[PDB]
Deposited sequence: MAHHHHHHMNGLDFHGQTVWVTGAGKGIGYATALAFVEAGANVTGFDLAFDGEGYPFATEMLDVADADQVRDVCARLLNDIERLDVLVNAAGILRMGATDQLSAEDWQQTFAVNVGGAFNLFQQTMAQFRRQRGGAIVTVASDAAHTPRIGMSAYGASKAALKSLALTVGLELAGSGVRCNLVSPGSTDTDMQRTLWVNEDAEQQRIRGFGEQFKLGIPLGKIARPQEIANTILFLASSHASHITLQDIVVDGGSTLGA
């Protein structure tokens, strides 16, 4: 998987899956910019942009400035996300609002700021990190799963809106079934790079569930 010379944006890049994906693209030769609310880790070998991706004004400001400097956005990875659990009737107003603001609104903002670039340049790839909680109901995750189901739906319609421009748009849904140990971020990142790569050039509007089979194919 070679991304030499390609410009790659990754949200949620301060930690977790987003960080692992940003690092994997750096190691594959890409020019990576990571976006996150905080960069509290000890090492970021890529450019960082610290903002609330849930905030449409901040995303507009940062993305417009970056798009003035780059000639192509080769890969966009949406990997922001927060997990707030609870019985539906106990979940706080704050946890409900912030779950949707971050888990759906962030990608919505990124799509609003990048779709014109994808149309202009032709081509490119988008990968969005959903969740297997978007595929089956999970006790304690009603809001999380619902936000990830909205994210998936949004990403698929954006993929249809950009299909005429040659853009591929896919998802990954992380977690004797489950088969194996829980997938670590580095392993999710592998699947993201596959879907962003030329080896996936006729794959679009697909969602690979990486959870050891827990959804039994759903």
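A.B. asks: Quick one: where does the model skip the deposited sequence?
C.D. replies: Residues lacking C-alpha coordinates: 1-11, 187-216.
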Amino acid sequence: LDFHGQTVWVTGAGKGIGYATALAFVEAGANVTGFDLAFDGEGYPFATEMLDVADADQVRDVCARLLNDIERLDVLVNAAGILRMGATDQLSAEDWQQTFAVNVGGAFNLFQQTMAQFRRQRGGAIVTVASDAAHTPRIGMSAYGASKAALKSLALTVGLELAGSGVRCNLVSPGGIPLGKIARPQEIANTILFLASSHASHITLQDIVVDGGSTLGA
From here on, numbers count along this sequence of modelled residues.
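So that the term is clear: the rigid core is the largest set of C-alpha atoms that superpose within 1.5 Å between two forms.
A.B. asks: Core-aligned, RMS over all structures and residues: is 89-97 or 144-152 the stretch with the greater C-alpha displacement in 6 other deposited structures of this protein?
C.D. replies: Per-stretch check in 6 other deposited structures of this protein: the more divergent one is 89-97.
A.B. asks: Root mean square C-alpha distance from this form after a core fit in 6 other deposited structures of this protein: higher for 180-188 or for 22-30?
C.D. replies: The more displaced stretch in 6 other deposited structures of this protein turns out to be 180-188.
A.B. asks: Between 67-75 and 136-144, point out the one with the higher average CA B-factor as the PDB entry records it.
C.D. replies: So the stretch with the higher mean C-alpha B-factor is 67-75.
A.B. asks: Please compare 53-61 with 178-186 and say which has the higher mean C-alpha temperature factor in the record.
C.D. replies: The stretch with the larger mean CA B-factor is 178-186.
A.B. asks: For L83, return the chain-relative third of its C-alpha B-factor as stated in the PDB record: lowest, middle or highest.
C.D. replies: Top third by C-alpha B-factor.
A.B. asks: Considering only modelled residues of the same chain, in which third does the CA B-factor of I208 rank: lowest, middle or highest?
C.D. replies: Lowest third.
A.B. asks: Ranked by Cα temperature factor within the chain, is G124 in the lowest third, the middle third or the highest third?
C.D. replies: For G124, the deposited C-alpha B-factor lands in the highest third.
A.B. asks: Hey, what third does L91 fall into on Cα B-factor, ranked over its chain?
C.D. replies: Tercile = middle for this residue's CA B-factor.
A.B. asks: Going by what the PDB entry lists, where does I192 fall on CA B-factor within its chain: lowest, middle or highest third?
C.D. replies: Tercile = middle for this residue's CA B-factor.
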